[PDB]
RNA sequence: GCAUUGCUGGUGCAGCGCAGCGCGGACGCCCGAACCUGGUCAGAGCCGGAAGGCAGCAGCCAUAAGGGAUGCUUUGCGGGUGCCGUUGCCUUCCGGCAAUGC
Ligand SMILES: Nc1nc2c(ncn2[C@@H]2O[C@H](COP(=O)(O)OP(=O)(O)CP(=O)(O)O)[C@@H](O)[C@H]2O)c(=O)[nH]1
Ligand SMILES: Nc1nc2c(ncn2[C@@H]2O[C@H](COP(=O)(O)OP(=O)(O)CP(=O)(O)O)[C@@H](O)[C@H]2O)c(=O)[nH]1
Ligand SMILES: [Mg+2]
Ligand SMILES: [Mg+2]
């Protein structure tokens, strides 16, 4: 469109003015629509909009960049800190046989992550791991962990379907302490937070065995429901860590911001596949840019800032190096301001050929040679005379006069 | 729902309805498309009664699910093949156990196929569902080719004279292309015994899943060609309003709904009753 | 239910092949030579009686040698790579039809 090029230049213009709602309201709609499409719950979306507003207007105003692009930084930076206050919070193992309880909804990725946790604590942390299953509801859920234990090379605790889940976890720790196992990885069944019956089972199991780490496993693609899930699972169990699974998917993973907001418990692990190798320690910088979606905007903001940052440092470094006060660059500027005078020093101070010849010698020099007279030597002196049409003695004469000038400059002013 | 009766129609109540629509995971492009039909509908008849907004919403939502209301007809073919596809952990295997018992209820012989030859004890899991219904399960040890196993299950379903065969597959994420061309590879070897087979490509989608369901339907349909949808784990706080965006975009029919972990906890999809349960103010 | 036999299929090796990762080069982008590359040559230099030239330094532009960020691009090389493809094969492992026997 014809008005498209006109409207683009009006917004692209350097907004020196204070970051106010007038510029925000038009572009804040893009952020709210992306967050809802990312799958972030409304109580966290509505509270985060107000959280950004207090920081956006509050003395955080830039002269350069689009007004609707300098506020995106405030959205982006506050998203990273809200998601991961601490980077890589690993499972505590500074106590006797450590208990790691795994709880979440039906089919979140619990038993697989117990298996992926085994390889982590066995190869990267070298611990005596023991795996147990309290899932006596899902068909062959016990045999599932049994094969996963054989895969990593971790010892597995035997269990029946006839066995009570509360007695399994109680007798599991008994064998764990006896053989002095470093970590006791406890796997539980799929539990719906609505169900009073099994939600009472996990609470009783959390009481039966004191878990130093109560990891809440949740699917990365889970939508608005994560609000109801995070509330009930933290209000019933004292959680200490979140495990986000199926992060390898194309899903934005909006629940990750929804879980960290409501529970307040930090995300500790990320699953990137079905395999046992597929476990990564939590990092918010990566997942924050994945929830935002708009990367083509952030790719230019970080590219424009770098272009300015390199130019601001290079123009200041040259000024800090030339801060000594005198060099041949300043001496040449004195000659031209003197030649510009219609009366001349010859008639004022009571010889003319000397000044004209002196300008030509400094003119033939490089930028480096003018800034530092000490680098001029043998071949460097022969180069100046060849192009200037003077002699080796002429250049050497000029340099001696300049040396006495800087000695007189530093001694006075 | 009852709190809407004692309120006056304004821009504040429309914002109250939009936020209760978004909390169902319906979407942005799907929620604002209905609000455009509601704001137009409120001027068409010119009604300032609270009783109308609850009725108008049920009418337009029920119009979308009216296009996608066709039930599954497994009868006629022998063996009728139902290919179970979807992402990792949505209820695929459990749904087969629920399905096979509703077909035995209808009086049709059922056989099962253990196709998740990638996930640990998945053969063993489907084998328990076979024993729960007293149905034969064609299976091979985990690690074997899924496509070639389902092929041997069809060759068995034909020879043993079976009315319905439900074939299981592994949990696969739409972005994992190698696993997607593996799903295509399953159907390719299926056509070697029957060009009509698979007679159904049932996609299982978790009720709690968000806007991932959009690409979950898109890329699964683009690859194999979905003909069925089962909205499982709907028994919780999960409304699964994302199904309105799916039917409006691809038009794949919803066949059944998962409402529990037990065999009896499965019902065929009903359009009118689904809307009533969406705004259920219950504890 | 178990064995024998036929056919067929998967695993399982093994060899090619792809995908991939690592390292080396292309191509390209950006940076880039006081002088010993070129263009332009301010100032200044030179030849001639003048007119006119010649020579050429800085700067600036281009750019060998050579760096640097990186790439649904291209290739060579190598793998305690491989939810891929393929041919070949043997010991067992496991399936699918079919024939017999307890
Ligand atoms: N791609 C991918 N798949 C995952 C990840 N984590 C788990 N899975 C997969 O999701 C599915 C469910 O995993 P599982 O470990 O059985 O979940 P669960 O929560 O124990 C199931 P239940 O609630 O019945 O006990 C499996 O197919 C598994 O391979 C992940 O990070 N990425
Ligand atoms: N509460 C509830 N749980 C369900 C429903 N349908 C399935 N589940 C549960 O979800 C979990 C995963 O079910 P499963 O049938 O193994 O899913 P899947 O998609 O085959 C897993 P994979 O992708 O690994 O093969 C199981 O714990 C199961 O009992 C449902 O309608 N409600
Ligand atoms: Mg489990
Ligand atoms: Mg399954």
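Side notes on the structure shown:
- Among residues of the stretch B:130-160 being buried (at least 19 other Cβ atoms within 10 Å of the Cβ) and assigned to a loop (DSSP other than H, G, I, E, B), the one that is farthest from ligand 4 (Cβ to nearest atom) is B:135.
- Residue within the stretch B:159-168 that is within 14 Å of another protein chain (Cβ to nearest Cβ) and under 22 Å from the mean Cα position of the chain (by Cα) present: yes
- Residue within the stretch B:188-204 that is crowded, with 16+ Cβ neighbours inside 10 Å and within 16 Å of ligand 3 (Cβ to nearest atom) present: no
- The number of residues in the stretch A:64-94 that are crowded, with 17+ Cβ neighbours inside 10 Å, touching a helix residue (DSSP H, G or I) at 6+ places or on another chain (Cβ under 7 Å) and not in a helix (DSSP H, G or I) comes to 7.
- Scan of the stretch A:11-31 for residues that are surrounded by 11 or more Cβ atoms within 10 Å (Cβ to Cβ) and in a loop (DSSP other than H, G, I, E, B), ordered by number: A:14, A:15, A:17, A:18, A:19, A:20
- Single residue of the stretch A:279-299 satisfying the filter (surrounded by 19 or more Cβ atoms within 10 Å (Cβ to Cβ) and within 22 Å of residue A:101 (Cα to Cα)) that is farthest from ligand 4 (Cβ to nearest atom): A:282
- Qualifying residue in the stretch B:106-127 (condition: within 11 Å of chain A (Cβ to nearest Cβ), surrounded by 23 or more Cβ atoms within 10 Å (Cβ to Cβ), under 25 Å from residue B:259 (Cβ atoms) and in contact with a strand residue (DSSP E or B) (Cβ under 7 Å, 6 or more places away or on another chain)): yes
- A single entry from B:236, B:240, B:210 fulfils the requirement of being assigned by CATH to the domain that holds residue B:135, at negative phi and crowded, with 24+ Cβ neighbours inside 10 Å: B:210.
- Scanning the stretch A:268-324 for residues being assigned to a loop (DSSP other than H, G, I, E, B), touching a strand residue (DSSP E or B) at 6+ places or on another chain (Cβ under 6 Å) and within 14 Å of chain B (Cβ to nearest Cβ) gives a total of 2.
- For the stretch A:250-260, the criterion of being in a loop (DSSP other than H, G, I, E, B), surrounded by fewer than 24 Cβ atoms within 10 Å (Cβ to Cβ) and either in contact with a helix residue (DSSP H, G or I) (Cβ under 9 Å, 6 or more places away or on another chain) or facing chain B (nearest Cβ under 8 Å) (or both) is met by at least one residue.
One line per residue, one yes/no per condition, for (1) outside any helix (DSSP H, G or I); (2) surrounded by fewer than 17 Cβ atoms within 10 Å (Cβ to Cβ); (3) in contact with a strand residue (DSSP E or B) (Cβ under 7 Å, 6 or more places away or on another chain):
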site: A:158; (1), (2), (3): yes, yes, no
site: A:162; (1), (2), (3): yes, yes, no
site: A:180; (1), (2), (3): yes, yes, no
site: A:194; (1), (2), (3): yes, yes, no
site: A:199; (1), (2), (3): no, no, no
site: A:206; (1), (2), (3): no, no, yes
site: A:235; (1), (2), (3): no, yes, no
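- Pairs where the first residue, in the stretch B:1-27, is over 28 Å from residue B:231 (Cα atoms) and the second is exposed (fewer than 12 other Cβ atoms within 10 Å of the Cβ), C-beta under 7 Å, 6+ apart: B:9/B:48
- Test: residue in the stretch A:308-329 that is closer than 30 Å to residue B:211 by Cβ and crowded, with 16+ Cβ neighbours inside 10 Å: no
The values are calculated or read from the model by the stated rules, or taken from the named source; nothing here is a laboratory result. Here Cβ is always computed from backbone atoms with ideal geometry, including for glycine, and neighbour counts include all displayed protein chains.
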